[PDB]
Amino acid sequence: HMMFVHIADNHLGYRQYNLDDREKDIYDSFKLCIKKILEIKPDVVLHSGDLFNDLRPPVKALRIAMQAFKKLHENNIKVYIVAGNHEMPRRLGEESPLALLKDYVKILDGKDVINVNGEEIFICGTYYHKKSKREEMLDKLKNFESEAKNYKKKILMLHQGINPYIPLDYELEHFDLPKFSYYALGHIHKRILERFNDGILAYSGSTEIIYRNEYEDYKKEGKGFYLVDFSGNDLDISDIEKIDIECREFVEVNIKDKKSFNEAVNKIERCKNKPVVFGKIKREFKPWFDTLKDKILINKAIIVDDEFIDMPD
Amino acid sequence: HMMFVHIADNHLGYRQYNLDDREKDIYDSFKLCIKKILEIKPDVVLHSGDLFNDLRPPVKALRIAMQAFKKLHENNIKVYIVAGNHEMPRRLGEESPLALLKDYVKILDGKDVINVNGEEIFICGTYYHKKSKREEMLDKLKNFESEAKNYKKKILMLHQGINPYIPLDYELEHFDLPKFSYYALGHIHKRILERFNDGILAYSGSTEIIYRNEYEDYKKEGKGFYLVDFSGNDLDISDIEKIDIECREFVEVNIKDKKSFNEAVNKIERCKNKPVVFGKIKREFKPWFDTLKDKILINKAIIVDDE
Amino acid sequence: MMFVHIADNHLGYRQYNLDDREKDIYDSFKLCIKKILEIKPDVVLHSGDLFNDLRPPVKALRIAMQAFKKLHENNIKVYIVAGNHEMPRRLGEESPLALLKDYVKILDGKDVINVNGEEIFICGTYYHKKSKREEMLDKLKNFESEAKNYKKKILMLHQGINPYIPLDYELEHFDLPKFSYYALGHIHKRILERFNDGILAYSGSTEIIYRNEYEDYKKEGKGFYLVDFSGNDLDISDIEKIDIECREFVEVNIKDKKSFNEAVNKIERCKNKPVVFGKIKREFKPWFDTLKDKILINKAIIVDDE
Amino acid sequence: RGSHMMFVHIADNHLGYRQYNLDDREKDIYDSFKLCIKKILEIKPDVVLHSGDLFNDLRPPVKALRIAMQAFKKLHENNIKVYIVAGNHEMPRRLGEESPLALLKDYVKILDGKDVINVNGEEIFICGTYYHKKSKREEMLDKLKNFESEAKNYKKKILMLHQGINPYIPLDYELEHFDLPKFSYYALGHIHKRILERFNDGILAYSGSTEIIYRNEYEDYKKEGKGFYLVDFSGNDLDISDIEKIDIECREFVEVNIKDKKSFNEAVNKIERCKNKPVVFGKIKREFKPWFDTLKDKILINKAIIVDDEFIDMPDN
Amino acid sequence: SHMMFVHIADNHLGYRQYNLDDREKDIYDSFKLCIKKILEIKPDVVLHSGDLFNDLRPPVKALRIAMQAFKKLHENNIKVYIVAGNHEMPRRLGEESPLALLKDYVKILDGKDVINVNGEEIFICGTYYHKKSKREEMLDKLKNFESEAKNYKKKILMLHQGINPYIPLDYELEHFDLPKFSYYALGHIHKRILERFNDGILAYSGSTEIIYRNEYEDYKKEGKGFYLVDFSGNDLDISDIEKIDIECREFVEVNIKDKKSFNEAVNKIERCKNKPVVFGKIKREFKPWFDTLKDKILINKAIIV
Amino acid sequence: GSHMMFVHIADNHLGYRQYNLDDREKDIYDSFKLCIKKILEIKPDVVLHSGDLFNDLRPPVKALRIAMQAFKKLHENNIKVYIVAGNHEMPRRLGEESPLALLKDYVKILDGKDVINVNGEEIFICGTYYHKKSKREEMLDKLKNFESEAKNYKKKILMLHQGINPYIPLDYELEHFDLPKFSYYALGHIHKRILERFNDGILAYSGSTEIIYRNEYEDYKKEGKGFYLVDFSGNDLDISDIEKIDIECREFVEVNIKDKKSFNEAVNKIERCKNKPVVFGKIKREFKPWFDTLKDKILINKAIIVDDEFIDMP
DNA sequence: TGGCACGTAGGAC
DNA sequence: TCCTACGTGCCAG
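If you want it as structure tokens, here you go:
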């Protein structure tokens, strides 16, 4: 009878390594998510911020985004979003890139209760606040619990880093946020879905690889978005599907001998499309490795000229 | 029987001297024109480029632009625009700020024939080409000549620097452009209107002061936009109205004695809106004048110990 | 006090001109060094044939220099004698060992090392040909003299001694004076035994240099010695053999189905892909080529005798 | 002269080359190199660009490696930054084999890309790559067009290469003179003769071999002189005028054409006037050779063709 | 002794700082003063390494003093050698060098010549100032001097150049360019430079007066003038070179930022032997002060920083 | 003969580099050397030099060499020489020395009285440097003083380097009625030869020893440039005892090519030249490429190219 | 597939 | 001890 989608951090207009393809890659994954969300036809979409990677984004990005959310709004898919750190203006009167979406999307800085088919469910959220103004934020938070006391199904949307989930730096401690059904969170790039405070908390995570860091979280957790049904009285991990998204592949290498070299080539060969290769290569192998420059998108590996006696036990 | 509007170089999102107020001024004047254009209800609007001052403009700017041109298209006013230098992409696949308007506006890089009451008139245009590609442009232009052979009323839109009109540097020599009724030109910030090639040529000029230069061209000729009628078969200067727009006035100073100071104070008094002051003021007088910092927007003056 | 006796690593040996075989030598060498680093002895005695040639592969020199650097940085004193393969031939030609002069003591005389907390004597000299034996004897007889007044005295040599390697040898077993420990090199098999009021050792090659030592590696195990010399006396009891995993060789004699299955069984139980050698009847060669994936290199003679 | 910046262009010392299998020749190569190094040290340049073939072989003689490491240690201990690109002789052949240049990793920068050297008080871009063969020229071009790109916003830009460029070495070349982008200085290597001349809005140089590797370069050493270049690169502009060529005294080759008493006495005297027992080559008439065989002691090695033909050839003027 | 000679250079005759009679005079008298002392010394040879005159077409007075000087020197059977400095080298072909006016007293060197001293045999060679542009030319010239001097016991080389370690920008020769000679009689450099070099001894005699605003204190520590070499014995060391100093015009620096530096500056000027040129810094607040005290001084001119 | 003779010479203008040509600078040097060569052949008793030896106050070294090498020959042959400063040899700045000063060891620079005792007689000489009009008054007293010291002398010679009124209209510093009665007037400033009886005696300008201007090209043709040789053996001096020794020097041809006659007339004038001449004057635009054919035969072309069509029909 | 270079083994003085 | 010939591993085109 009901379902909705949790997505965040598409980072529209990100140009990794100043490469054309990476900027395209970001766009493609975003669209790919959108194509599925239209296939899914959820009743609501929760967007946890950083839709755009910058405050004054590429024209191409706003184009893609505006056409995207328009397509959703035209299919009776309700959408909510909170401002990520990148979409929050710095000068007084500077407008958010999210402001270009006012006709397709509800920007949240308070409470709202959505009457869905066929029920009534509560949403609250607020834009990205800094560490500096946490006290400010707590007052906001206790007030959200207050207006949500008498609601069965209550959702919190935030774009902040929570203490256990991201060591440094965080703006919130896991004990700061009151009891809610679903914690639609954003700021963190890796998938985080686990039971929490008599309910269930999630970070949808970034929809493409933003750093050389998350290379294998896509391998083991996979990047994309969550699809929560929220039909029944309870919500558990069991009623949350993670929809994964194909994105630009990264193969790590550590070429130090004949084995590691061939292991590197083979990894690159089974790539569907030219991968970002990174890690380390011993000098002796680098000219040999330059033979794959056609099969590789961009090589971002450190060249080691030391001869190491490193031996495994 | 018919009328239309020529406007260009609004430079939306220009933030002169990194002043909040200056970014506002540009925004306001654009809006002011739009309100007047809506009062007028012209049949067509020609915009010759540099609508935005950058490729990636402020978000407020893009909203104002979209809302403005939306309002125009919803009052069934047809709109044409050509890319200025600032709206031209640099990377292959980087898109123009003008691309965000494709639903209200026809972006021109070719021919189109507009049906008005009760006649038929030809329009062509192309984006800003660089000097480097002058020869390129000529093929384009010589071809527009060809497509316009059998048309009575013909308008060309361009955003370039033309030879007599802007000495160095220009992209076209004034003998480059074919015979057309109206020359909707852009790249130049001062008003330029004069008869030309069995027809009439115009630069609409910036809709606000983009440089410390045009401070008095607004005073002496006035900035704004043109309103050409083209009602009759022929068109001369007598059928072009120039609409002026209140915008930020600049006062020049050269305070080296009591005369130049007090007389300067008087000019500021006679300014309707708080002016940008520039020129020279002797060091001795600067603390004296800083008491008057409330009636002035920003003080941009040289400190002189000499004269 | 403790010290390490090692020799004949033969760095840069490329058996059958295989990439992996040159590696084998490298790795086992790297492994001994790794083991020598955990142990932390006060001294390491290297008895020569560190390198297999005068102009060794570049990789070998880099590994070698890096190795003894790591030792020198852990305050491990190192002594070495020139092996036969590290001896220059043209006048003014240099030894690869010269590339180690900043990490290693090259020995051609006496030295007295002050350890915590003692004082102990070492002497040695480079590889001599059989030809110049008489020359060598004064060196030893003079070593005899310079070591008389020392409790603990060690002799380092890289030669073949008569009982220990029948033909050919450069020294006779009655040629060497009384020393505590005889840290020797030139021979590839392990040789440790009591001798002349002390104890004599050949560390033996740290990898398989010939199809010969394939099983001497099985029963004695290849690697290096760890002598403590903590006490005033030293016996066999204070000498540890640290072994080294190295490339296995399997011998075959395929003339019927019997030998075939047992040969396969020997190959399957191999931890590391083996070098196979010996004899195979021609009728069996296409059959044996099916086993090419589990094998490194086939060096077997194809005989169609019958 | 000065400066805010200076550098040294050197290449092709071919350490460990043993011409005619002579001991004296292997020394000769070593000594010439040492001399360059000694001179580089009195000069105290801010940078040294070495364009490859430092070692004559992939697995060099130990003395060569010893000399090389001691040499570049000496440069590095005097805060002289050094860059090198792999010559053809220093390119590994089996996969995992290391270059002898790798023994220098602590004293020298091995170049296969861009780098910005910050000198007092300025900023200058360096790029280079190891030796590529003709076979993979396309591969090389992508790189070069990419070097053009990363150096566009740079005032002073240097390219290091160890290749043969088309006009400069007819057969065989790996690159055409129109392949290389505009750079201030072209630090080139593969060629043994000195070549310094303006090129593509900048200046191209081959430092050339620091010794006579073939009986061929015998006179290119006489008129052009073998050694290395010292470019100052002080100003925004660079011309030949800011390049000193330091020559290096090395083993002499005397050419002979002994056909009469004129040529014989002139050959003996040219040989007598030699500092070191010279390599003699050319032609000698059979009639003269036993007479010439007295000088084998005054001569390092005789590589002359013995002609028994009687020419009645007569000169005009 | 039995034998001696003189190394001198860079007098820059006719340098007329700020178009003053008094400055050129300092140059003229100090020059003669060297000559007088050279007349006390009576050496067998005098070596002049160039820039005798500051220009190619010098004032007439300079040429008067020059010939008058070398006349008396040459009349006392004193052998004299000279090489052309940068300032004495022709630019137009057929223009003559001012040194040509001395051909009756002096041997101008562009090659070898052998001096007979009592009672021995010693080799001299030298060449004019070559530009950097033509260094290669110079080396061959030098490689040839080495050749002709091999079989000579005591050998002297004369040059007017800047050598690389000794003068960074710009130099024409690298110190490893010049062959082995006993004494390196060098010129182009204005400061005294004497040190052992290439199994012998190299010298820049240095300017005989202050030609630039720089040498005000270099003259203080090393002293300006010329060297006096004996060369009697087989070897030559620094120990066999006497340096004769020459009295010349003093320069005083000031830095008035308070009364402290102010009075100390005034007092330091007072201990001057000859009417000094005053320069340095004075705070605007202080400027009228010395202009009241300007009468006891020849020229008042300070840098405004 | 003779028993007694002496030489009057002036205005060599040493180091003059006309049209900045080497050959022209050389020409001046050469003509001067030739005069000295002839003078040494003659072996006269005295040489009077009337100034402008050098063309500038700071002359080229080459000039000073030639001058000094020359006067050495004179002074070494016991010929005493007198000179007065020309306009080009008079200092401007106080303490600046005259280029003539480099000669104080061979030559007497005159600014007063001196009596030369010749074998076997006695004759009075006076002279002074070049004065401008400005100090004519100055000059008059000097002259009244010279006349005074010479009253009791039979033979008295005046040396001067000025322009005298009839002989050079504008501008002159002295009037011909200014100079007192002397035997011989050894004068300088003028480039043309001037010899004539004057004030109970004889006046002379030796004239330039080469062509200093495009002007004197033909005063040389008809009068000839060089120097005078005065004998002064007897008590009286007349024209008959003065030989003018001429000096062959660099030729100048004037042209006026406006038609075929004038073209051909110019070409022949150039052909008849011993040495490549300095050509000057006017050439019509119409004729110039034809005239460019003689550039080999010509030292330098310094002629105006007229592109005007003149109806000049006189 | 040809080289190409290293390594292995038989031989000469 | 040298060197030769030969077989052969491994990158080449």
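Chains as they are written, first to last, in the deposited numbering: chain C, 0 to 312; chain D, 0 to 306; chain B, 1 to 306; chain A, -3 to 313; chain F, -1 to 303; chain E, -2 to 311. All residues carry an ideal CB built from backbone N, CA and C; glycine is no exception.
Does the CB of residue i have a neighbour CB from chain B at under 7 Å?
i: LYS69 of chain A; result: no
i: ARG14 of chain A; result: no
i: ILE154 of chain C; result: no
i: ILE254 of chain C; result: no
Check whether chain A comes within 7 Å of residue i, counting only Cβ atoms and requiring the distance to be less than that.
i: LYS257 of chain C; result: yes
i: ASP304 of chain C; result: yes
Can you give the beta carbon distance from residue i to residue j, rounded, assuming they're within the 8 Å contact cut?
i: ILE80 of chain B; j: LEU97 of chain B; result: 6 Å
i: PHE224 of chain F; j: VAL4 of chain F; result: 6 Å
i: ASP49 of chain F; j: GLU94 of chain F; result: Incorrect: roughly 17 Å between the Cβ atoms, too far for contact.
For the alpha helix (DSSP H) that residue i lies in, which residues bound it at each end?
i: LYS34 of chain F; result: 19 to 39
i: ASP138 of chain B; result: 133 to 146
i: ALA60 of chain A; result: 58 to 73
Note the first and the last residue of the continuous beta strand (DSSP E) segment covering residue i.
i: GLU213 of chain F; result: Premise fails: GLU213 of chain F is in no beta strand (DSSP E) and is neither H nor E.
i: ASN298 of chain B; result: 297 to 303
If we define contact as Cβ-Cβ less than 7 Å, is residue i a contact residue for chain E?
i: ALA82 of chain F; result: no
Kindly say whether residue i, judged by its beta-carbon, lies nearer than 7 Å to any beta-carbon of chain C.
i: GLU268 of chain D; result: no
i: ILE25 of chain B; result: no
i: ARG62 of chain B; result: yes
i: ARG21 of chain D; result: no
Using beta carbons (cut-off 7 Å, strictly below), is residue i in contact with chain D?
i: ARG247 of chain C; result: no
(request) Mind checking the segment 272 to 295 of chain C against chain A and listing, in chain order, the residues whose C-beta falls within less than 9 Å of any C-beta there? (result) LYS281, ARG282, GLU283, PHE284, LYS285, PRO286, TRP287, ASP289, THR290, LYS292, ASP293
(request) Would you list, in chain order, the members of the segment 158 to 182 of chain F that have their beta-carbon closer than 8 Å to a beta-carbon of chain A? (result) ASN162, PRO163, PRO166, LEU167, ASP168, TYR169, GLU172, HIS173, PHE174
(request) Taking 8 Å as the threshold, find out whether the segment 45 to 64 of chain C comes into contact with the segment 7 to 24 of chain C through three or more Cβ pairs. (result) yes
(message) Below 8 Å, how does it come out for the segment 233 to 252 of chain B and the segment 264 to 283 of chain B: are there three or more Cβ pairs, yes or no?
(response) yes
(message) Under 8 Å: do the segment 232 to 247 of chain A and the segment 172 to 192 of chain A share three or more Cβ pairs, one atom per stretch?
(response) yes
(request) Assess, as a yes-or-no matter, whether the segment 163 to 175 of chain C is touched by the segment 26 to 38 of chain C under the definition of 3 or more beta carbon pairs within less than 8 Å. (result) no
(request) Tell me, please, whether the segment 272 to 283 of chain A touches the segment 291 to 304 of chain A by the rule of three or more beta-carbon pairs shorter than 8 Å. (result) yes
(request) Determine which residues of the segment 87 to 102 of chain A have a Cβ less than 8 Å from any Cβ of chain B, and write them out in chain order. (result) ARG90, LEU91, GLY92, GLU93, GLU94, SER95, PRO96, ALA98, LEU99
(message) Against chain C, which members of the segment 103 to 132 of chain A pass a CB distance test of less than 7 Å?
(response) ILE106, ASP108, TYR126
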